[PDB]
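> What follows is a single structure, and I will ask about it in a moment.
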Ligand SMILES: [Zn+2]
Ligand SMILES: [Zn+2]
Ligand SMILES: [Zn+2]
Ligand SMILES: [Zn+2]
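Protein chains in written order, with the authors' numbering: chain C, 2 to 365; chain A, 2 to 365.
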């Protein structure tokens, strides 16, 4: 069967929770074909302290010794520039993640984004320390006057001026618009990068999830298992995301936003938790998309080369040098991912067939 | 005001199901402030025979002797013009409801709205007998990859040409665009009624629900209790819907589309049943909107006059002459509506407070 050497794969947007959920999902990073994971910090309470983020990573490394973990802080008024310099000097974080208040799980108390001024001391310190600023780029919803109303469909577009102003005010800060979902955002990222030759000049990039390469509004209208933030939008948005994924441009790379929830948190009649679980088959999901687009030769850049370059992942921090190999053996997504105890998760595209599987190969 | 005499109130879009659900629901039409109800036919199996529609009405009258019941057929493969004539002269039906196949609850036996042609004989017989053609005006979803995508957000607008074509081909047939949700549909209805100024001139009307005058997409995205068909759309759409409701225009009147589902059919991780249950407080929901718009003076037309006129309801058909009196005692909506056995419903805006109650006064 056909095979594709993908090398050291990167998922630069991972949720792994705590407790028994973390013990279930953290080994699945490797199982899904991912060597390097960027760990998001929206725990309860958020990660805003150095000892917390040190312990968390060590807990993850214990659960999965072959996986390379890049950590983050949650953007909070609790952060100080001193805490940034210290954490960055100790290699305890690689970036800081911004959640606008109220917009997704564990996002209030995050921040309001027609502002960001109050966090300029933090960004300054991050810029100095070469830390990445990650953005859940959605403006909070507003329906009354005066302005044009903000809702789950235009909230990403409405965020794009904040993105531009941040890039303007901090031209040397690395910034990521996480999990892009709209055509408008894709074009904004390309227009920000119009003068870029060679990958190493990219200062603003965007990540793309597996599930937004498949879903539109119709897939989650009536199916909480497909409901996430930002919400999957219109077919034209989906087309633009897939084109960007297969484009070979260095400012689009893979981040799953795999966000696990126990099934009973998805089958609520009110307050469904947002989040789609894709960790267990992360790279096969993507392979499905690159195959259907006749773009397999661009797979390696999207799930490996470009994320490593943007984050400057050194071989010396890599926990395992095994390479992820895709091999074209068909498989069936299970109905549930379970720990055999109190946790069942519905995986993305549960029940469906995937053309590809992943295995691991020693280097040299 | 305090106390408004709404007369013989009209809800021209009602679902009461069968069995224990029906026993719980059909008394609440009255309790909700409604005198005249138009009963939709999407039972299992669909209501498509004379004996069934007669026995159904008989069951409903026993459960609520003072409610006026206007009945309907389900637009079916099995219907014939002979049955339309026979059921019309026996006054067993007042209209026929069209469901497009698969767009909503119990629509799997519905039609293909791209080709209505095989139902033109049914529509010619309805036109003779002065029966009403109700339309759930949405096209089924088409993702396709060639012709225009149809999805839950443009599926109503995509249906508008079909509506104009049926109006053109049957100019004397009373037709209703049920539960309008978009500004485009408001404009097409206002359009078709360019040169009608009161009231009996109207041939093509549209009903507006309680929930669509409150809801936007933000309210049902993570809340299945607010999920219904057609889906609630953008703030710009709800603004057109609300302005159309308090408009005093005779081509807009109240139809609740109260659609009860047991709470287990809403707390699903997939296949959430579509439907908002608003029967228990229908008139007070509407009152709140007209109050906030400073337009109580048009409440009587929206909730009584225009529906009685368009359906040509006669005093001789009315099961009780009691008048719906709207009085301003605050009430708090329950968290649950229950029969005390197996059935529980989450009502619309559960836990919220309404400014108005409604009671029944006789005519003397
Ligand atoms: Zn996010
Ligand atoms: Zn995330
Ligand atoms: Zn309907
Ligand atoms: Zn209905």
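The beta-carbon is built from N, C-alpha and C at its ideal position, and this holds for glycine as well.
If you measure beta-carbon to beta-carbon, which residues of the region 251-270 of chain C are closer than 7 Å to chain A?
264, 267, 268, 269, 270
> State yes or no: is the beta carbon of residue 142 of chain C nearer than 7 Å to at least one beta carbon in chain A?
As a first step, residue 142 of chain C must be located in the first chain, where it is residue number 141. Contact with chain A is found for residue 142 of chain C, since one of that chain's Cβ atoms lies less than 7 Å from the residue's Cβ.
> Tell me which residues share the same chain as residue 130 of chain A and place their Cβ nearer than 8 Å to its Cβ, disregarding the 5 neighbours each side in the sequence.
Counted from its first residue, the second chain places residue 130 of chain A at position 129. Cβ within range, chain order: 85, 86, 89, 90.
> Out of C/47, C/49, C/18, state which residue places its alpha-carbon closest to the alpha-carbon of residue 60 of chain C.
Working through the first chain from its first residue, we reach residue 60 of chain C at position 59. Residue C/18 is the option with its Cα nearest to residue 60 of chain C.
> Determine the direct distance from the alpha carbon of residue 7 of chain C to that of residue 153 of chain C, and round the result to whole angstroms.
Position 152 of the first chain, counting from 1, holds the residue named residue 153 of chain C. Position 6 of the first chain, counting from 1, holds the residue named residue 7 of chain C. For the pair residue 153 of chain C and residue 7 of chain C, the Cα-to-Cα distance works out to about 35 Å.
> Measuring only the C-alpha atoms, how far is residue 191 of chain A from residue 320 of chain A?
Counting from 1 along the second chain, the entry for residue 191 of chain A is found at position 190. Counting from 1 along the second chain, the entry for residue 320 of chain A is found at position 319. Cα-Cα distance, rounded: 33 Å.
> Output needed in chain order: residues of the region 103-120 of chain C with a Cβ under 7 Å from some Cβ in chain A.
none
> Assuming residue 312 of chain A and residue 133 of chain A form a contact by the criterion Cβ under 8 Å, report the distance between their Cβ atoms to the nearest whole angstrom.
In the second chain, the residue the question calls residue 312 of chain A occupies position 311. In the second chain, the residue the question calls residue 133 of chain A occupies position 132. Contact flag correct, Cβ pair sits at about 7 Å.
> Mark residue 270 of chain C as exposed unless 16 or more other C-beta atoms lie within 10 angstroms of its C-beta, in which case mark it buried.
On the first chain, position 269 is the one that residue 270 of chain C refers to. Buried is the call here.
> Out of C/247, C/68, C/71, state which residue places its alpha-carbon closest to the alpha-carbon of residue 300 of chain C.
Mapped onto the first chain, residue 300 of chain C falls at position 299. The residue with the shortest Cα to Cα distance from residue 300 of chain C is C/247.
> Nearest-angstrom Cα distance between residue 37 of chain A and residue 325 of chain A?
For the purposes of this step, residue 37 of chain A is taken as the residue at position 36 of the second chain. For the purposes of this step, residue 325 of chain A is taken as the residue at position 324 of the second chain. In a straight line, the C-alpha of residue 37 of chain A is about 11 Å away from that of residue 325 of chain A.
> In chain order, what residues of the same chain lie with their CB nearer than 7 Å to the CB of residue 241 of chain C, ignoring the 5 residues before and after it?
As a first step, residue 241 of chain C is located in the first chain; it is residue number 240 there, counting from the start. Cβ neighbours of residue 241 of chain C beyond the five flanking positions: 184, 187.
> Among A/256, A/225, A/236, A/105, which has the Cα closest to the Cα of residue 146 of chain C?
In the first chain, counting from the first residue as 1, residue 146 of chain C sits at position 145. Cα-wise, what sits closest to residue 146 of chain C is A/236.
> Start and end of the alpha helix (DSSP H) containing residue 316 of chain C?
For the purposes of this step, residue 316 of chain C is taken as residue 315 along the first chain, with counting starting at 1. Unbroken run through residue 316 of chain C: none, as it is neither H nor E.
> Could you check if residue 302 of chain A is buried or exposed, using at least 16 other CB atoms within 10 Å of its CB as the buried criterion?
As a first step, residue 302 of chain A must be located in the second chain, where it is residue number 301. Label assigned to residue 302 of chain A: buried.
> Run through DSSP, which three-state label would residue 57 of chain C get?
Counting from 1 along the first chain, the entry for residue 57 of chain C is found at position 56. Helix at residue 57 of chain C.
> Contact criterion: CB-CB distance below 7 Å. Does residue 152 of chain A meet it with respect to chain C?
Mapped onto the second chain, residue 152 of chain A falls at position 151. Cβ-Cβ to chain C under 7 Å: yes for residue 152 of chain A.
> To the nearest angstrom, how far is the alpha carbon of residue 253 of chain A from that of residue 348 of chain A?
Position 252 of the second chain, counted from the first residue, corresponds to residue 253 of chain A. Position 347 of the second chain, counted from the first residue, corresponds to residue 348 of chain A. If I take the Cα positions, the gap works out to 24 Å.
> Please report the distance separating the alpha-carbon of residue 64 of chain C from that of residue 343 of chain C.
Along the first chain, one-based indexing puts residue 64 of chain C at 63. Along the first chain, one-based indexing puts residue 343 of chain C at 342. Those two C-alpha atoms are separated by around 18 Å.
> Strictly by DSSP, which residues pair up with residue 357 of chain A?
Reading the second chain from its first residue, position 356 is the one you call residue 357 of chain A. Answer is none; residue 357 of chain A lacks a bridge partner.
> Give me, in chain order, the residues of the same chain whose beta-carbon lies closer than 7 Å to that of residue 127 of chain A; leave out the 5 immediate sequence neighbours on both sides.
As a working mapping, residue 127 of chain A is identified with position 126 in the second chain. For residue 127 of chain A, where only same-chain residues beyond five positions count, the Cβ hits under 7 Å are 85, 97, 134, 174.
> Mind checking which residues open and close the alpha helix (DSSP H) that includes residue 127 of chain A?
Within the second chain, numbered from 1, the residue matching residue 127 of chain A stands at position 126. First-last of the alpha helix (DSSP H) with residue 127 of chain A: 121-130.
> Roughly how far, in whole angstroms, is the beta-carbon of residue 261 of chain A from the beta-carbon of residue 22 of chain A, given that I think they are within contact range, below 8 Å?
Against the second chain, residue 261 of chain A aligns to sequence position 260. Against the second chain, residue 22 of chain A aligns to sequence position 21. That belief holds up - the Cβ atoms of residue 261 of chain A and residue 22 of chain A are roughly 6 Å apart, short of 8 Å.
> Per DSSP, which one or two residues make a beta bridge with residue 12 of chain C?
As a position in the first chain, residue 12 of chain C is number 11, starting the count at 1. Paired residues: C/38.
> Is it true that the region 271-291 of chain C meets the region 277-291 of chain A, where meeting means three or more beta-carbon pairs spaced less than 8 Å apart?
no
> Shorter than 6 Å, the distance from the beta carbon of residue 41 of chain A to the closest heavy atom of ligand 4, or not?
Sequence index remark: in the second chain, residue 41 of chain A carries index 40 (1-based). The beta carbon of residue 41 of chain A sits closer than 6 Å to at least one heavy atom of ligand 4.
> Pair every Cβ in the region 161-173 of chain C with every Cβ in the region 114-121 of chain C, then say whether three or more of these pairs are closer than 8 Å.
These segments touch.
> Could you spell out where the beta strand (DSSP E) holding residue 20 of chain C opens and where it closes?
Here residue 20 of chain C is taken as the residue at index 19 of the first chain, counted from 1. Run containing residue 20 of chain C: none in the beta strand (DSSP E); it sits in the alpha helix (DSSP H), 20-32.
> Quick check on the DSSP output: the beta strand (DSSP E) that includes residue 96 of chain A runs from which residue to which?
Stepping through the second chain from its first residue, residue 96 of chain A is reached at position 95. Segment 96-99, the beta strand (DSSP E) holding residue 96 of chain A.
> Are the C-beta of residue 138 of chain C and some C-beta of chain A separated by less than 7 Å?
In the first chain, the residue the question calls residue 138 of chain C occupies position 137. Output row for residue 138 of chain C: interface = no.
> Beta-carbon of residue 219 of chain C versus every beta-carbon of chain A: anything under 7 Å?
Counted from its first residue, the first chain places residue 219 of chain C at position 218. Cβ-Cβ to chain A under 7 Å: yes for residue 219 of chain C.
> Going by beta-carbon coordinates alone, are residue 13 of chain C and residue 341 of chain C separated by less than 7 Å?
Translated into positions along the first chain, residue 13 of chain C becomes position 12. Translated into positions along the first chain, residue 341 of chain C becomes position 340. Against a cut-off of 7 Å, the Cβ pair of residue 341 of chain C and residue 13 of chain C comes out as no contact.
> Run through chain C and tell me which residues come within less than 8 Å of residue 275 of chain A, C-beta to C-beta.
One-based indexing of the second chain puts residue 275 of chain A at position 274. Neighbours of residue 275 of chain A on chain C, chain order: 223.
> By a C-beta neighbour count over all protein chains shown, 10 Å radius and 16 as the cutoff for buried, is residue 155 of chain A buried or exposed?
The count along the second chain starts at 1 and reaches residue 155 of chain A at position 154. Burial is judged here by how many other beta carbons sit within 10 angstroms of a residue's own beta carbon; residue 155 of chain A has at least 16 and is buried.
> Find out if the Cβ-Cβ distance for the pair residue 216 of chain A, residue 227 of chain A is shorter than 7 Å.
Taking the second chain and counting its residues from 1, the one referred to as residue 216 of chain A is at position 215. Taking the second chain and counting its residues from 1, the one referred to as residue 227 of chain A is at position 226. Yes, Cβ-Cβ distance for residue 216 of chain A and residue 227 of chain A is below 7 Å.
> When you check each C-beta in the region 317-344 of chain A against every C-beta of chain C, which residues fall closer than 9 Å?
none
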